[PDB]
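Chains as they are written, first to last, in this note's numbering: chain A, 1 to 627; chain B, 628 to 723; chain C, 724 to 819; chain D, 820 to 840; chain E, 841 to 971.
In this text, a Cβ means the ideal position worked out from N, Cα and C, and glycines have one as well.
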Amino acid sequence: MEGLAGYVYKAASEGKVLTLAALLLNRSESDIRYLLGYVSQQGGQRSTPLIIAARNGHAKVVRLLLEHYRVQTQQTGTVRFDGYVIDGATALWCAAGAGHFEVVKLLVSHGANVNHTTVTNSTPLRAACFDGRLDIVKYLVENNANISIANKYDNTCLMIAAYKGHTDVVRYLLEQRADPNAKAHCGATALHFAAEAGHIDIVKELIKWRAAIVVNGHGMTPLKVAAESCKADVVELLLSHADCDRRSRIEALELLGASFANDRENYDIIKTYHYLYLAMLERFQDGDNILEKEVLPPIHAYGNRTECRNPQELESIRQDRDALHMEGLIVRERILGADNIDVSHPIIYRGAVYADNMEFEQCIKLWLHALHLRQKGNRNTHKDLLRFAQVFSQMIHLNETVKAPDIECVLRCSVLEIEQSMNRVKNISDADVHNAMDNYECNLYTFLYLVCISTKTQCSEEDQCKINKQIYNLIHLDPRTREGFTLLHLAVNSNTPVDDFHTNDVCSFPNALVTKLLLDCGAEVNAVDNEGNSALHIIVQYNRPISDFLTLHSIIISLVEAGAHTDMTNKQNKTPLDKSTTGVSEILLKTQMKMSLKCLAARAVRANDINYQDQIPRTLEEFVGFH
Amino acid sequence: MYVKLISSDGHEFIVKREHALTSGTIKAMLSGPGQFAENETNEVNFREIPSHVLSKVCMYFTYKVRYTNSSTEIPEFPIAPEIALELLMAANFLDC
Amino acid sequence: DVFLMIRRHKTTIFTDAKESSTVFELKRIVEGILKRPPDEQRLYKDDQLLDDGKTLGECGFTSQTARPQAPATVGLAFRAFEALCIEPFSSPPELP
Amino acid sequence: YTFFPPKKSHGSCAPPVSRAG
Amino acid sequence: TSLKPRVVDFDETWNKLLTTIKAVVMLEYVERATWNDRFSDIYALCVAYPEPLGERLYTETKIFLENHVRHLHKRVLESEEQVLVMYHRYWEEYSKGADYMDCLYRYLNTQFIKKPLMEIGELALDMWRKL
Numbered sequence: 001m002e003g004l005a006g007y008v009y010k011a012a013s014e015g016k017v018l019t020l021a022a023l024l025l026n027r028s029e030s031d032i033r034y035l036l037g038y039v040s041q042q043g044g045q046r047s048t049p050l051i052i053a054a055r056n057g058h059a060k061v062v063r064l065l066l067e068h069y070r071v072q073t074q075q076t077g078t079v080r081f082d083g084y085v086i087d088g089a090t091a092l093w094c095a096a097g098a099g100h101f102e103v104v105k106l107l108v109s110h111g112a113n114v115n116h117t118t119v120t121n122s123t124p125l126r127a128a129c130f131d132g133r134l135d136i137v138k139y140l141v142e143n144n145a146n147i148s149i150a151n152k153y154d155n156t157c158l159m160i161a162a163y164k165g166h167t168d169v170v171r172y173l174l175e176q177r178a179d180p181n182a183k184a185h186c187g188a189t190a191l192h193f194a195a196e197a198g199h200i201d202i203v204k205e206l207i208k209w210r211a212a213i214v215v216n217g218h219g220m221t222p223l224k225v226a227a228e229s230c231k232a233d234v235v236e237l238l239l240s241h242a243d244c245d246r247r248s249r250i251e252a253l254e255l256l257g258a259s260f261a262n263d264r265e266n267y268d269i270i271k272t273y274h275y276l277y278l279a280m281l282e283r284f285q286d287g288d289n290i291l292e293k294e295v296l297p298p299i300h301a302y303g304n305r306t307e308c309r310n311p312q313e314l315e316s317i318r319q320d321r322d323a324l325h326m327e328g329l330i331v332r333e334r335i336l337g338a339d340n341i342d343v344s345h346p347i348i349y350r351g352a353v354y355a356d357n358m359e360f361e362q363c364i365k366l367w368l369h370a371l372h373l374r375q376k377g378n379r380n381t382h383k384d385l386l387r388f389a390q391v392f393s394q395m396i397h398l399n400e401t402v403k404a405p406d407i408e409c410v411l412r413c414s415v416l417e418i419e420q421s422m423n424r425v426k427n428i429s430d431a432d433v434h435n436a437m438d439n440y441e442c443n444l445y446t447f448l449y450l451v452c453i454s455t456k457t458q459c460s461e462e463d464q465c466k467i468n469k470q471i472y473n474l475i476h477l478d479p480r481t482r483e484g485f486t487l488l489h490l491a492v493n494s495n496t497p498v499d500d501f502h503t504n505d506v507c508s509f510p511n512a513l514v515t516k517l518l519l520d521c522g523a524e525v526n527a528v529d530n531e532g533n534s535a536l537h538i539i540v541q542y543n544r545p546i547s548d549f550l551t552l553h554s555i556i557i558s559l560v561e562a563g564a565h566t567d568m569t570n571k572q573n574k575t576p577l578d579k580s581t582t583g584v585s586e587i588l589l590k591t592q593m594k595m596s597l598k599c600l601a602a603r604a605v606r607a608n609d610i611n612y613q614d615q616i617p618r619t620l621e622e623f624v625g626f627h
Numbered sequence: 628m629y630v631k632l633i634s635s636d637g638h639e640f641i642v643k644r645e646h647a648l649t650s651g652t653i654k655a656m657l658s659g660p661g662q663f664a665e666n667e668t669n670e671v672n673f674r675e676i677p678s679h680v681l682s683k684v685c686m687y688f689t690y691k692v693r694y695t696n697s698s699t700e701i702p703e704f705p706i707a708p709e710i711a712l713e714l715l716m717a718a719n720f721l722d723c
Numbered sequence: 724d725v726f727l728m729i730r731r732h733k734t735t736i737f738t739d740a741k742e743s744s745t746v747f748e749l750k751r752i753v754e755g756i757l758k759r760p761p762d763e764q765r766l767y768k769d770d771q772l773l774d775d776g777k778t779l780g781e782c783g784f785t786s787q788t789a790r791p792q793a794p795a796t797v798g799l800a801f802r803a804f805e806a807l808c809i810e811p812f813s814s815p816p817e818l819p
Numbered sequence: 820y821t822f823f824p825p826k827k828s829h830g831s832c833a834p835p836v837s838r839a840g
Numbered sequence: 841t842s843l844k845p846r847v848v849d850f851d852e853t854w855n856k857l858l859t860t861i862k863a864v865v866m867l868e869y870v871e872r873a874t875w876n877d878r879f880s881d882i883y884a885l886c887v888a889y890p891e892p893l894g895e896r897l898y899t900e901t902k903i904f905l906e907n908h909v910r911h912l913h914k915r916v917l918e919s920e921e922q923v924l925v926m927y928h929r930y931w932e933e934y935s936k937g938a939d940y941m942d943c944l945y946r947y948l949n950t951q952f953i954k955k956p957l958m959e960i961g962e963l964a965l966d967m968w969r970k971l
């Protein structure tokens, strides 16, 4: 019967309404309830035929299902919108978000739930606001749609409409007597969303409706966000609000210059110099009652500059690009603070620009400052540590020395972030457990890249001791990936993913240096994964025994010398010699096998399947366990 | 040069001293007080292990002395099913 | 490289010998390790007296015959030559 | 690829911007 | 019996072990049969069901070594004039006793201490250092 359901779903999705009616013709009531109620999966999309018919705009199919077959409008399922799939969307929601006005009218006129709540609390009105269809918004609100219904994160239709470029939708919402002071979960009161994308007309409309200015959660005014996003025109409009005072004007102009100093889309150093000059002149306008800048002490990351407390020194750095970049970064740090989310991005961008200009030391200083600031705020830095590994790899591939204190600092930060990643993974059950586990594995890979790069750099005894202390700290928490891989195993395994960028040149796995360092730092060499393979079991499965034979020989010597059993068995009860799959590895391991009577006895007991429980020492019960 | 091993069931075993120094516990037993430095017997009284396991461990001692690292076509060691699960305890006690 | 397991009552001696070598020095080494006069030794190969002049490798057991895993069970007898009364090792307990 | 950080959108993804927010 | 893990009384075994190791440390002539039977008893103690007594044996022998070193410390303290010669003699006796204890306690050294804690010979030397 499910084949008929698939036929019905395909006919409804493909627009063949006549074939759909022919298939649904002369059927019983239970048959048509099952056919129209079946939720088939065309991949990851769980949807009834009515939902997909409303999604793709088949208004004839919707009309046939509603007027004649009396199908319900409250069917729910998962839909593929913007590439990703989220549950909780009705057919009315799909018709609203896909711009199908005729299907919206057909569903509403037949009694669809206009105020249906998604699992993310997304109303079809919010869907039409996101799509920007003003006519659909008018029809929905005129059919008793509640504007005040926000999402899970308290993002109303007004907030997203302000964020989006559809000024007609937000202007209609505010003309319909909406809430001007709509607080969000993050504290953005519907003015930051408009003054983040540079929509001057939407900000004008809200100021006409007197949306009022209030500090958000991050300690920023909407003017502050407008200055951060380099959008100068909304900064001007917010300065012309007639209730701003002077100090806000100086700090807003300075922040605008700082944002223009380092950004991807907006990068014009002449704008930075002119805006900072205007800020300094406005600051030193009264002559008396001079508003001297309070300056944070100089930070080694941005060189050693101490801002520009005078217009003369600001003039002196007019022609120097990097001095102006450092000045913009410093004033941005002073204004937005060290705890702001957006303060880190220009630092990383300036570091990347320095890296492209083959200036690595200042790049490392800037990125270390950015990593410290982001770790103080306790956010995801796996991409950042990957960037550190990539730039270290490019330095090594270019035969440029890497500073040992920087390696120690980034390694300690990676260890700490792996610890909080473990805490997050333990805390998060199933909300974003896939993303959390992917971050965990990525962090482990980045740490191994950093260790491999540290092996290729000569370091002082103190710095080498600190690096080894950090590696020791990471081992004594025993990180594990999805398939039980201990941190030793990933350095052992050839299947460890390597980033496609310059990290292929330097960090190639397996790497004997990494294994020697990890065993010297106290790695548990007898640790086994979920599948039961030890480090030795993985290393004998290496498929390139001769191209890097020195690497294989050194790692097998290190593994045997650490104390790994050359006789233990995985979950499938296979000797590493039996899993050698290579004559070279078999010869090497037989050369390094140190046979003992205990090993032979335990192997014979396991092969004979004698009941060993409660007849042997408990410590030897483990020995029977792996032998 | 020759060391003497006595099983719990009265049975004696005599093997080369070099052969019996491959087990750590027997090396400790020979050392310490009561070494009996007559250089001919150095008898040790295993009060627990039976005769057959002592015979098997003497065979193992000779087997490991002969094939410590040579003859890569290493012969397999014939552990009987009945003597297993008791030779494992003996090997653990001798730390072979 | 032939391997022997000389047995006499409760006493068992493990000894390595060469392929072509008479039992004269074999009797002398078992004299040296047994602290008894050498005139009493008379070894038996499966309830059969062996020729003293014949080398032990040519006496019936070879290197392939007497593996170090389980060597030959050549008995030992002393002068009253007494009849061999070698005590077999206790059988292992039967597995359940 | 290079070194260019794709975090300018991440600084703006902290606001609830999505099909639902 | 055999090497099967059997429930053994800790008090009597620890008493006989205490007597023989206070004989060994003081270099009293101990019998070879008693020596090998004491390897047997040591193996029984570290294995016996339902719970291994390795922690109990290690703690008890640490207590024994501590009070023996305390006794030697009092003995050399009361000998004010000949403190050097008495200390040398007791040092030779205790060094030999510590080596022989490392030999006797090999099962703890290879099965429980290394499987943190610290070895019996190292424990004897550390107790000698501290007291």
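Counting only Cβ pairs nearer than 7 Å, list the residues of chain E close to residue i.
i	result
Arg674 (chain B)	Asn876, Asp877 and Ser880
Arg264 (chain A)	Here the premise fails: no neighbours, minimum Cβ distance about 53 Å.
residue 607 (chain B)	Outside the shown range of chain B (628 to 723) lies residue 607 (chain B), about which nothing can therefore be said.
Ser658 (chain B)	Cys943
Using a C-beta to C-beta distance shorter than 9 Å, which residues of chain B count as neighbours of residue i?
i	result
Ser813 (chain C)	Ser634, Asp636, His638, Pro677, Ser678 and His679
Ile610 (chain A)	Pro708, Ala711 and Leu712
Going by DSSP in three states, residue i sits in which element: helix, strand or coil?
i	result
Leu893 (chain E)	coil
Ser814 (chain C)	coil
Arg305 (chain A)	coil
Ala89 (chain A)	strand
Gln362 (chain A)	helix
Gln541 (chain A)	coil
Which same chain residues end up closer than 7 Å to residue i when comparing Cβ atoms and leaving out the 5 residues on each side of it in sequence?
i	result
residue 629 (chain A)	Summary: the structure shown does not reach residue 629 (chain A), with chain A confined to residues 1 through 627, and so no result is reported for it.
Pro576 (chain A)	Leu536, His537, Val540, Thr566 and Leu589
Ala227 (chain A)	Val235, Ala252, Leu255, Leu256 and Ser259
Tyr302 (chain A)	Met326, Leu329 and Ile330
What does DSSP give as the partner residue(s) for residue i in the beta ladder?
i	result
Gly798 (chain C)	C:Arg730 and C:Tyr767
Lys631 (chain B)	B:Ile641
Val235 (chain A)	Beta-bridge pairing links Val235 (chain A) to no other residue.
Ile736 (chain C)	B:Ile641 and C:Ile729
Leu772 (chain C)	C:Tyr767
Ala562 (chain A)	DSSP lists no partner for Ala562 (chain A).
residue 645 (chain A)	In the structure as shown, chain A begins at 1 and stops at 627. Residue 645 (chain A) is therefore absent and cannot be evaluated.
Which chain B residues sit within Cβ distance under 7 Å of residue i?
i	result
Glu871 (chain E)	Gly661
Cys886 (chain E)	In chain order: nothing, as chain B lies at least about 10 Å away.
residue 628 (chain A)	No information on residue 628 (chain A) is available, as it lies outside the stretch 1 to 627 that chain A covers here.
At a CB-CB cut-off below 9 Å, which residues of chain D make contact with residue i?
i	result
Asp322 (chain A)	Near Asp322 (chain A) there are no residues of chain D at all, since even the closest Cβ is about 17 Å away, more than 9 Å.
Can you give me the Cβ contacts of residue i inside the same chain, cut-off strictly under 8 Å, excluding the 5 residues immediately before and after it?
i	result
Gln662 (chain B)	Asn669
Give me the chain A residues within the contact set of residue i, using Cβ-Cβ distance strictly less than 9 Å, ordered along the chain.
i	result
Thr699 (chain B)	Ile587, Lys590 and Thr591
Under 8 Å: do the stretch 31-40 of chain A and the stretch 69-80 of chain A share three or more Cβ pairs, one atom per stretch?
Flag = yes, the stretch 31-40 of chain A and the stretch 69-80 of chain A touch.
Cβ contact check for the stretch 645-652 of chain B and the stretch 793-812 of chain C: 3 or more pairs under 8 Å:
Taking a cut-off of 8 Å on C-beta distances, the stretch 645-652 of chain B does not touch the stretch 793-812 of chain C, as fewer than three cross pairs fall below it.
Are the stretch 104-118 of chain A and the stretch 156-167 of chain A touching by the rule of at least three beta carbon pairs closer than 8 Å?
Under the three-pair Cβ rule at 8 Å, the stretch 104-118 of chain A does not count as touching the stretch 156-167 of chain A.
Within 8 Å, do at least three Cβ pairs link the stretch 510-520 of chain A to the stretch 558-565 of chain A?
With contact defined as three or more Cβ pairs closer than 8 Å, the stretch 558-565 of chain A and the stretch 510-520 of chain A are in contact.
Quick check: the stretch 724-736 of chain C against the stretch 771-789 of chain C, are at least 3 beta-carbon pairs closer than 8 Å?
Result yes; three or more Cβ-Cβ pairs closer than 8 Å.
Between the stretch 470-488 of chain A and the stretch 371-383 of chain A, can you find at least three pairs of beta-carbon atoms closer than 8 Å?
By the Cβ test, the stretch 371-383 of chain A is not in contact with the stretch 470-488 of chain A, since fewer than three Cβ pairs between them sit closer than 8 Å.
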